[PDB]
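Let's start with one chain on its own, the form deposited in one PDB entry, as structure tokens.
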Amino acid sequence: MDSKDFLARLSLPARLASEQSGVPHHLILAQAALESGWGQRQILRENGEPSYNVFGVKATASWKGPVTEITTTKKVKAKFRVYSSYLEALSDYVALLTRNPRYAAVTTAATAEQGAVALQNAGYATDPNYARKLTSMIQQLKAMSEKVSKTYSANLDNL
């Protein structure tokens, strides 16, 4: 979807997931934007409802919840976790991060930029383009959130 719409949908759940886990707010958002293509990747349930699974987290035997089966083209079938909300999805994502001791420094970073350093040290992605893209995403999100905040107060002084 449009970047502004994506940010509007995911900002609050990422903030709440950040409070729960310690993972920086805009790091979660940046990874979600980056990996879903600002929501262009949609993973729907069989009846068309959203799965809210923005990261594309696969359903395996360690998942107790609902799943959705996506078949892509040779033909290939994959199972994804189904969530009831973006908040549940991002909460599950930072829990998965939290569960892995190698990413401890991510859960104690004070800024998104520090969090991105921590991910890179932990070896989150081997392709060095991922860290470059994440750095740029974090910068873009900072500018966007500034712009939103000014739309709010610029508007309020209508009245």
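A residue's number is simply how far along the shown sequence it sits, counting from 1. Rigid core (definition): largest C-alpha set, two forms, superposition within 1.5 Å.
> So, looking at the entry's B-factor column for Cα atoms, which has the higher mean, 63-71 or 107-115?
Comparing 63-71 with 107-115, the higher average CA B-factor belongs to 63-71.
> Which wins on mean Cα temperature factor, 123-131 or 30-38?
Taking the mean B-factor of the alpha carbons in each, 123-131 is higher.
> Lowest, middle or highest third: where is residue 149 by C-alpha B factor in its chain?
It falls in the top third of the chain.
> Looking at the C-alpha B-factor of residue 54, is it in the lowest, middle or highest third of its chain?
For residue 54, the deposited C-alpha B-factor lands in the lowest third.
> Within this chain's modelled residues, let me know which third the CA B factor of residue 97 belongs to: lowest, middle or highest.
For residue 97, whose C-alpha B-factor we compare with every modelled residue in the chain, the answer is the highest third.
Absent from the display: the form deposited in another entry. The rest refers to it.
> Tell me, which of 44, 67, 131, 57 is the one whose C-alpha shifts by at least 2 Å between this form and the one not shown, with the rigid core superposed?
Spelled out, the residue whose C-alpha shifts by 2 Å or more is 131.
> Please say whether the CA atoms of residue 37 and residue 129 come closer or move farther apart in the other entry, knowing the change relative to this form is 3 Å or more.
Here the pair is closer than in the other entry; there, farther apart.
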